[PDB]
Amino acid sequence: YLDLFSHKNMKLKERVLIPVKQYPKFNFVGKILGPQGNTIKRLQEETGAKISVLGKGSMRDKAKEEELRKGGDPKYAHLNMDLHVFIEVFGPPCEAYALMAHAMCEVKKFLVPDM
């Protein structure tokens, strides 16, 4: 059950696949991060969600990625996953759902770019 008077926040998290198969040559990583990561910065500010691009190719740098994978450091474990966008929100339920709805809708625009 959700309890609207609880002192815990809700967390919502989603990992949305970047559709590399549907759009094999589209540079989603470049488009989502934007120059110096300003697009994703703005995306987070406008939606109030934490949003990261994770998985292989998320760093646009085959060689850097390979080197951070091979170090074995668990913070880079995500570099073996499928490329995806990771959205995380927290709050009381009404706010969490609303933030996730907003984030999910904005992210969907980037991931279905010919819509």
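So that there is no doubt, residue numbering starts at 1 and follows the sequence shown.
As the entry records it, the average C-alpha temperature factor is higher for 59 to 67, out of 38 to 46 and 59 to 67. The PDB entry records a higher mean C-alpha B factor for 28 to 36 than for its counterpart among 28 to 36 and 83 to 91. When the modelled residues of the chain are ordered by their C-alpha B factor, residue 20 lands in the middle third. Residue 112: CA B factor lies in the middle third for its chain, per the PDB record.
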